[PDB]
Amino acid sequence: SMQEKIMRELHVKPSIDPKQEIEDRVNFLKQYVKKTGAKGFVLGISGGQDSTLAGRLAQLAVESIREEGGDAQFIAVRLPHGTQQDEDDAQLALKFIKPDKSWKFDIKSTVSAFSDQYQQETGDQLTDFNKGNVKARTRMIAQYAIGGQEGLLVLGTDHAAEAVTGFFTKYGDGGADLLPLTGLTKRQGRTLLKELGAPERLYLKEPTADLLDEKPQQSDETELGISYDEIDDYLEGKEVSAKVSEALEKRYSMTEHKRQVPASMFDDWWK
């Protein structure tokens, strides 16, 4: 079935061993930074589930490297666009992650400069949506700037529950050097957070990209028209209603370009 195919392609496991998943992912982070010779990692901490989990894994990874005699550091960075509605949750996340370094970069001035320039050049005002993507892509630039200046790798937060819908910004939050959450469903991510002892609030808030000026904190589920419980059931191979299968398989097919490098005439995935 297509469900089984998508499951394989996204590396999802119907049932997991929380402790073992954490070791595998921390071990991957260690192996990768060791191979590349990088000084550590950098990641934007939004206060949301995904960055909280990836962030804690990163801190654990560098603490493990130092413990064994190596050198590594993790820079957690707040990337608010002006005043962030849920800054308090981002602070709670930082409190849990306990990163080596806690930095901050307000992207508003950069996004405003770009937005003002766009209107000046074209006479058109960016739609709230397109301006939102400028925000997501500016956060990418900020993390890579810190990464290039400090010699760190940029961590990405993509996972199966996001990959299946393609709900992320190409070259924005989708742009990163390595991904510790690949294959995890949304509920499985929560399970790892539980194993890591995160404060319940960090995994009970509605997932949101929060990129719109006119509709801040817009939930993923509202925009997608499907819940994470349905998405996770589908990914974990459970028996789901036909409506869920049709919806997800349609989105997966349409967003394949987001999961592949740029298309060339030698590729067949787009035909």
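The numbering used is simple: start at 1 and walk along the sequence shown.
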Completion exercise
Taking the deposited Cα B-factors and averaging over 105 to 113 and over 121 to 129, the higher mean is found in 121 to 129
Completion exercise
Averaging the C-alpha temperature factors as deposited, the higher value of 204 to 212 versus 52 to 60 falls on 204 to 212
Problem - Candidate set 90, 140, 153, 198 [ranked by C-alpha B-factor, highest] - result: 198
Completion exercise
From 27, 46, 36, 227, the top C-alpha temperature factor is at 36
Problem - Chain third (lowest, middle, highest) by recorded CA B-factor, residue given as residue 65 - result: middle
Practice task
Would you check the entry's CA temperature factor for residue 240 and let me know if it's in the chain's lowest, middle or highest third?
Solution key: highest
Exercise for the section: Report the third (lowest, middle or highest) to which the CA temperature factor of residue 22 belongs, ranking only the modelled residues of the same chain. Expected result: lowest
Handout entry: Relative C-alpha B-factor of residue 169, binned into the chain's lowest, middle or highest third
Key = lowest
Exercise for the section: Please rank the C-alpha B-factors of the chain's modelled residues and tell me whether residue 191 sits in the lowest, middle or highest third. Expected result: middle
